[PDB]
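Student: One file: structure05.cif (mmCIF, C-alpha atoms and all ligand atoms).
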data_work
loop_
_atom_site.group_PDB
_atom_site.id
_atom_site.type_symbol
_atom_site.label_atom_id
_atom_site.label_comp_id
_atom_site.auth_asym_id
_atom_site.auth_seq_id
_atom_site.Cartn_x
_atom_site.Cartn_y
_atom_site.Cartn_z
ATOM 1 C CA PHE A 1 10.483 21.921 14.063
ATOM 2 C CA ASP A 2 7.914 19.453 12.760
ATOM 3 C CA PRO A 3 8.416 15.922 14.116
ATOM 4 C CA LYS A 4 5.415 14.525 12.167
ATOM 5 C CA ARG A 5 6.848 15.510 8.795
ATOM 6 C CA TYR A 6 10.360 14.501 9.882
ATOM 7 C CA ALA A 7 9.132 11.044 10.879
ATOM 8 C CA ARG A 8 7.232 10.607 7.599
ATOM 9 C CA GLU A 9 10.413 11.480 5.666
ATOM 10 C CA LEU A 10 12.467 9.018 7.699
ATOM 11 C CA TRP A 11 9.851 6.330 6.952
ATOM 12 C CA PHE A 12 10.145 6.886 3.202
ATOM 13 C CA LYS A 13 13.951 6.618 3.567
ATOM 14 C CA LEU A 14 13.501 3.402 5.603
ATOM 15 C CA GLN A 15 11.086 1.954 3.011
ATOM 16 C CA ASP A 16 13.722 2.524 0.325
ATOM 17 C CA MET A 17 16.383 0.800 2.482
ATOM 18 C CA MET A 18 14.119 -2.247 3.014
ATOM 19 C CA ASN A 19 13.490 -2.422 -0.731
ATOM 20 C CA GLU A 20 17.251 -2.477 -1.172
ATOM 21 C CA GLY A 21 17.872 -5.226 1.385
ATOM 22 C CA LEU A 22 17.801 -4.777 5.121
ATOM 23 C CA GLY A 23 18.062 -7.308 7.996
ATOM 24 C CA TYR A 24 19.998 -10.439 8.869
ATOM 25 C CA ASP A 25 18.581 -13.889 8.215
ATOM 26 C CA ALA A 26 16.144 -14.580 11.100
ATOM 27 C CA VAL A 27 17.002 -18.317 11.556
ATOM 28 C CA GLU A 28 20.770 -17.647 11.657
ATOM 29 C CA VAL A 29 20.428 -14.806 14.208
ATOM 30 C CA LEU A 30 18.103 -16.799 16.521
ATOM 31 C CA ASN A 31 20.293 -19.945 16.290
ATOM 32 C CA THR A 32 23.319 -17.853 17.220
ATOM 33 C CA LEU A 33 21.414 -16.289 20.178
ATOM 34 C CA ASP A 34 20.596 -19.794 21.438
ATOM 35 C CA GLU A 35 24.166 -20.911 21.127
ATOM 36 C CA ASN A 36 26.073 -17.775 22.191
ATOM 37 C CA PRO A 37 24.300 -14.451 22.799
ATOM 38 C CA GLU A 38 27.522 -12.389 23.029
ATOM 39 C CA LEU A 39 28.639 -13.712 19.647
ATOM 40 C CA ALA A 40 25.153 -12.819 18.346
ATOM 41 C CA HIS A 41 25.450 -9.259 19.701
ATOM 42 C CA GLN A 42 28.900 -8.950 18.036
ATOM 43 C CA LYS A 43 27.841 -10.407 14.712
ATOM 44 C CA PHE A 44 24.353 -9.045 14.280
ATOM 45 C CA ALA A 45 23.470 -6.175 16.649
ATOM 46 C CA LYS A 46 24.040 -2.420 16.731
ATOM 47 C CA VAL A 47 24.962 -0.469 19.882
ATOM 48 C CA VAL A 48 23.939 3.178 20.394
ATOM 49 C CA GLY A 49 26.141 5.307 22.572
ATOM 50 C CA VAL A 50 27.793 3.288 25.315
ATOM 51 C CA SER A 51 24.637 1.450 26.666
ATOM 52 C CA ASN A 52 24.080 -2.306 27.250
ATOM 53 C CA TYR A 53 21.219 -2.570 24.832
ATOM 54 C CA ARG A 54 21.760 -4.486 21.592
ATOM 55 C CA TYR A 55 19.587 -3.581 18.577
ATOM 56 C CA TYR A 56 18.771 -6.296 16.030
ATOM 57 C CA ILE A 57 17.143 -6.219 12.645
ATOM 58 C CA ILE A 58 16.021 -9.526 11.131
ATOM 59 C CA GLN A 59 14.219 -10.587 8.011
ATOM 60 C CA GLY A 60 12.629 -13.857 7.028
ATOM 61 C CA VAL A 61 9.530 -15.851 6.303
ATOM 62 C CA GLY A 62 7.422 -17.234 9.120
ATOM 63 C CA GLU A 63 4.278 -19.245 9.504
ATOM 64 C CA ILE A 64 1.409 -17.744 11.528
ATOM 65 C CA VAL A 65 0.816 -19.915 14.629
ATOM 66 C CA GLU A 66 -1.651 -17.636 16.408
ATOM 67 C CA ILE A 67 -3.366 -14.309 15.644
ATOM 68 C CA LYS A 68 -3.880 -11.921 18.580
ATOM 69 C CA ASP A 69 -5.489 -8.458 18.948
ATOM 70 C CA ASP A 70 -2.021 -6.913 19.210
ATOM 71 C CA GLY A 71 0.086 -9.083 16.891
ATOM 72 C CA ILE A 72 0.947 -12.460 15.437
ATOM 73 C CA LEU A 73 2.964 -15.383 16.818
ATOM 74 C CA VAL A 74 5.186 -16.754 14.060
ATOM 75 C CA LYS A 75 7.343 -19.885 13.748
ATOM 76 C CA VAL A 76 10.590 -19.576 11.728
ATOM 77 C CA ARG A 77 12.139 -22.832 12.932
ATOM 78 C CA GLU A 78 10.829 -26.403 13.441
ATOM 79 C CA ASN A 79 10.985 -28.459 16.685
ATOM 80 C CA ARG A 80 10.639 -25.461 19.050
ATOM 81 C CA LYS A 81 8.554 -25.414 22.247
ATOM 82 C CA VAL A 82 6.954 -22.006 21.606
ATOM 83 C CA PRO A 83 6.817 -19.661 18.615
ATOM 84 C CA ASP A 84 10.080 -17.887 17.745
ATOM 85 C CA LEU A 85 8.643 -14.381 17.277
ATOM 86 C CA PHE A 86 5.759 -12.287 18.546
ATOM 87 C CA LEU A 87 5.338 -9.587 15.934
ATOM 88 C CA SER A 88 3.352 -6.912 17.850
ATOM 89 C CA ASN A 89 2.009 -3.327 17.833
ATOM 90 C CA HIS A 90 3.622 -2.585 21.233
ATOM 91 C CA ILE A 91 5.976 0.086 19.818
ATOM 92 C CA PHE A 92 7.647 2.397 22.356
ATOM 93 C CA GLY A 93 10.935 4.313 22.392
ATOM 94 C CA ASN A 94 14.031 4.233 20.257
ATOM 95 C CA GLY A 95 14.209 0.612 19.086
ATOM 96 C CA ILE A 96 13.287 1.392 15.451
ATOM 97 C CA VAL A 97 15.718 4.307 15.002
ATOM 98 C CA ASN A 98 18.499 2.520 16.937
ATOM 99 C CA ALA A 99 18.119 -0.867 15.165
ATOM 100 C CA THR A 100 17.893 0.721 11.667
ATOM 101 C CA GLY A 101 20.193 3.728 12.174
ATOM 102 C CA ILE A 102 17.670 5.881 10.242
ATOM 103 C CA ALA A 103 18.036 8.690 12.807
ATOM 104 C CA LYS A 104 20.526 9.487 15.530
ATOM 105 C CA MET A 105 20.605 12.088 18.283
ATOM 106 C CA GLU A 106 23.307 14.039 16.528
ATOM 107 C CA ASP A 107 20.863 14.764 13.670
ATOM 108 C CA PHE A 108 18.802 16.973 15.986
ATOM 109 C CA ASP A 109 19.350 20.320 17.680
ATOM 110 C CA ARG A 110 17.246 19.321 20.744
ATOM 111 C CA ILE A 111 16.740 16.067 22.627
ATOM 112 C CA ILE A 112 12.982 16.632 22.638
ATOM 113 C CA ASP A 113 13.067 16.834 18.747
ATOM 114 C CA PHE A 114 14.663 13.389 18.685
ATOM 115 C CA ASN A 115 12.118 12.013 21.136
ATOM 116 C CA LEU A 116 9.004 13.442 19.426
ATOM 117 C CA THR A 117 10.302 12.197 16.011
ATOM 118 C CA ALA A 118 10.793 8.660 17.406
ATOM 119 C CA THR A 119 7.186 8.777 18.719
ATOM 120 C CA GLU A 120 5.813 9.868 15.316
ATOM 121 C CA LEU A 121 7.712 7.189 13.473
ATOM 122 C CA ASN A 122 6.422 4.521 15.942
ATOM 123 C CA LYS A 123 2.897 5.749 15.242
ATOM 124 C CA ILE A 124 3.465 5.289 11.454
ATOM 125 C CA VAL A 125 4.684 1.732 11.955
ATOM 126 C CA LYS A 126 1.955 0.834 14.496
ATOM 127 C CA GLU A 127 -0.836 2.043 12.226
ATOM 128 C CA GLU A 128 0.447 1.551 8.679
ATOM 129 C CA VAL A 129 2.366 -1.710 9.100
ATOM 130 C CA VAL A 130 1.090 -3.704 12.114
ATOM 131 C CA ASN A 131 -2.556 -2.668 12.689
ATOM 132 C CA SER A 132 -3.049 -2.426 8.907
ATOM 133 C CA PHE A 133 -1.853 -6.036 8.474
ATOM 134 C CA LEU A 134 -4.076 -7.279 11.321
ATOM 135 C CA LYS A 135 -7.058 -5.637 9.657
ATOM 136 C CA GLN A 136 -6.328 -7.283 6.299
ATOM 137 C CA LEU A 137 -6.025 -10.680 8.071
ATOM 138 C CA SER A 138 -9.607 -10.197 9.407
ATOM 139 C CA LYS A 139 -10.768 -9.390 5.876
ATOM 140 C CA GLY A 140 -9.437 -12.751 4.552
ATOM 141 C CA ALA A 141 -5.821 -11.986 3.529
ATOM 142 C CA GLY A 142 -4.471 -14.858 5.624
ATOM 143 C CA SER A 143 -4.944 -16.931 8.764
ATOM 144 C CA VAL A 144 -3.170 -19.359 11.148
ATOM 145 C CA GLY A 145 -0.930 -21.455 8.875
ATOM 146 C CA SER A 146 -0.284 -18.649 6.331
ATOM 147 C CA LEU A 147 3.281 -17.637 5.477
ATOM 148 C CA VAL A 148 4.407 -14.010 6.117
ATOM 149 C CA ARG A 149 7.543 -12.239 4.857
ATOM 150 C CA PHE A 150 8.800 -9.861 7.576
ATOM 151 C CA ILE A 151 11.477 -7.380 8.515
ATOM 152 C CA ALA A 152 11.477 -6.776 12.282
ATOM 153 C CA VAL A 153 13.563 -5.127 15.046
ATOM 154 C CA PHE A 154 14.167 -6.177 18.601
ATOM 155 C CA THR A 155 16.299 -5.040 21.515
ATOM 156 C CA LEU A 156 18.184 -7.223 23.964
ATOM 157 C CA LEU A 157 20.002 -6.357 27.119
ATOM 158 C CA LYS A 158 23.559 -7.721 27.225
ATOM 159 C CA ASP A 159 23.609 -10.720 29.626
ATOM 160 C CA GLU A 160 19.831 -11.123 29.785
ATOM 161 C CA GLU A 161 18.677 -14.701 29.145
ATOM 162 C CA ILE A 162 16.960 -15.145 25.743
ATOM 163 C CA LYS A 163 13.279 -15.952 26.329
ATOM 164 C CA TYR A 164 10.886 -17.026 23.583
ATOM 165 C CA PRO A 165 8.770 -15.778 21.962
ATOM 166 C CA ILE A 166 11.016 -12.814 21.136
ATOM 167 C CA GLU A 167 8.831 -9.709 20.879
ATOM 168 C CA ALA A 168 9.822 -7.839 17.752
ATOM 169 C CA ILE A 169 8.465 -4.756 15.985
ATOM 170 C CA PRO A 170 7.632 -5.451 12.364
ATOM 171 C CA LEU A 171 8.694 -2.835 9.798
ATOM 172 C CA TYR A 172 7.470 -4.969 6.905
ATOM 173 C CA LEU A 173 4.724 -7.651 6.868
ATOM 174 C CA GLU A 174 3.239 -9.325 3.850
ATOM 175 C CA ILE A 175 1.513 -12.632 3.162
ATOM 176 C CA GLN A 176 3.617 -14.961 1.043
HETATM 177 CL CL CL A 201 11.196 -6.299 1.048
HETATM 178 CL CL CL A 202 15.471 18.955 24.861
#
As structure tokens, please, write out the structure in this file.
Ligand SMILES: [Cl-]
Ligand SMILES: [Cl-]

Tutor:
Amino acid sequence: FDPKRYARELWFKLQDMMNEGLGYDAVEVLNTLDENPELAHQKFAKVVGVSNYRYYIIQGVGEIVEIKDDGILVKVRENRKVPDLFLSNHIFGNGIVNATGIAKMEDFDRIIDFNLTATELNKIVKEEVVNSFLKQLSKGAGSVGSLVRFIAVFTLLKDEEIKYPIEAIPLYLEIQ
């Protein structure tokens, strides 16, 4: 079993899905989280198995507030104390596959095949979405104040207080 190839194939499938329309409106989701997180989980999040984690996928346009070594802080709403989103390269675990539904455990004969595939796909996104975008920012593609179209995933624990900035893994990032 080749998890590197499998991941690359999932990524192509995910790219097609994002071209077709993927993610809830970022402002609506965050406003609902601020008002009523359980309603937000119900309306906007996926559950995998029977766990207490809630997997979100959002899309929108944000303004770059700060550029860091490991991501960008982005504002999607006005009048907030801190940026709404930290779009970072800190990609670990099953958040991408669980938020997107691109792969599930039942697709694999072994648990280790699922785990290695999730690792390979996180590598693709780290390198070819996030780190790639940070490099093109350094080369003049944008700066603080630029607008960025994004699709991003994040995971909440049921009953955890929402704290901003929400750290989210970007699946799509482009200057607008
Ligand atoms: Cl798109
Ligand atoms: Cl296993």

Student: Report as a PDB file with C-alpha atoms, keeping the file's coordinate frame the residues that result from applying the PyMOL selection byres (((chain A and resi 7-20) around 6) and not hetatm) to the structure here.

Tutor:
ATOM      1  CA  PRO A   3       8.416  15.922  14.116  1.00  0.00           C
ATOM      2  CA  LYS A   4       5.415  14.525  12.167  1.00  0.00           C
ATOM      3  CA  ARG A   5       6.848  15.510   8.795  1.00  0.00           C
ATOM      4  CA  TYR A   6      10.360  14.501   9.882  1.00  0.00           C
ATOM      5  CA  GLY A  21      17.872  -5.226   1.385  1.00  0.00           C
ATOM      6  CA  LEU A  22      17.801  -4.777   5.121  1.00  0.00           C
ATOM      7  CA  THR A 117      10.302  12.197  16.011  1.00  0.00           C
ATOM      8  CA  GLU A 120       5.813   9.868  15.316  1.00  0.00           C
ATOM      9  CA  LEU A 121       7.712   7.189  13.473  1.00  0.00           C
TER      10      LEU A 121
END

Student: Between A:173, A:156, A:50, A:144, single out the one closest to residue 87 of chain A, counting only C-alpha atoms.

Tutor: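 Among the listed residues, A:173 lies closest to residue 87 of chain A.
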
Student: Applied to this file, what does the PyMOL selection byres (((chain A and resi 159) around 10) and not hetatm) return in terms of residues, put as a list in words?

Tutor: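 So the PyMOL selection byres (((chain A and resi 159) around 10) and not hetatm) ends up selecting residues 37, 38, 52, 53, 156, 157, 158, 160, 161 and 162 of chain A.
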
Student: On this file, the PyMOL selection byres (((not hetatm)) within 8 of (chain A and resi 202)) gives some set of residues; write that set as number ranges by chain.

Tutor: A: 110-113

Student: Quick one: write out the picked residues with C-alpha atoms as a PDB file, in the coordinates of the input?

Tutor:
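Written file, result.pdb:
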ATOM      1  CA  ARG A 110      17.246  19.321  20.744  1.00  0.00           C
ATOM      2  CA  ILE A 111      16.740  16.067  22.627  1.00  0.00           C
ATOM      3  CA  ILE A 112      12.982  16.632  22.638  1.00  0.00           C
ATOM      4  CA  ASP A 113      13.067  16.834  18.747  1.00  0.00           C
TER       5      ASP A 113
END

Student: Go through A:133, A:86, A:172, A:114 one by one, measure the shortest atom-to-atom distance of each to ligand CL 201 (chain A) using all atoms listed in the file, and give the residue with the smallest value.

Tutor: A:172

Student: Can you tell me which residues surround segment 65-72 of chain A at a distance of at most 8 Å, considering only C-alpha atoms, apart from same-chain residues fewer than 2 positions away, and format the answer as a PyMOL selection string?

Tutor: chain A and resi 63+74-75+83+86-90+130-131+134+143-145

Student: So that I can see what lies close to segment 25-31 of chain A, please list as a compact mmCIF listing (two decimals) with C-alpha atoms, in the coordinates of the input the residues with an atom at most 7 Å from it, counting all atoms listed in the file and leaving out residues fewer than 5 positions away in the same chain.

Tutor:
# COMPACT_ATOMS: atom_id res chain seq x y z
CA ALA A 40 25.15 -12.82 18.35
CA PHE A 44 24.35 -9.04 14.28
CA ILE A 58 16.02 -9.53 11.13
CA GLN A 59 14.22 -10.59 8.01
CA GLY A 60 12.63 -13.86 7.03
CA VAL A 76 10.59 -19.58 11.73
CA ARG A 77 12.14 -22.83 12.93

Student: So, counting all atoms listed in the file, which residue among A:81, A:165, A:48, A:39 is closest to residue 106 of chain A?

Tutor: A:48

Student: Looking at only C-alpha atoms and all ligand atoms, which of A:126, A:41, A:163, A:149 is the one that sits closest to ligand CL 201 (chain A)?

Tutor: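 Smallest separation from ligand CL 201 (chain A) among the options: A:149.
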
Student: Using only C-alpha atoms, which residues sit within 7 Å of residue 171 of chain A once same-chain residues fewer than 6 positions away are excluded, as JSON, numbers by chain?

Tutor: {"A": [125, 129, 151, 152]}

Student: Write a file of the selected residues as a PDB file, in the frame of the given file, keeping C-alpha atoms.

Tutor:
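Done, and the output landed in out_28.pdb:
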ATOM      1  CA  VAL A 125       4.684   1.732  11.955  1.00  0.00           C
ATOM      2  CA  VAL A 129       2.366  -1.710   9.100  1.00  0.00           C
ATOM      3  CA  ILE A 151      11.477  -7.380   8.515  1.00  0.00           C
ATOM      4  CA  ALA A 152      11.477  -6.776  12.282  1.00  0.00           C
TER       5      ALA A 152
END
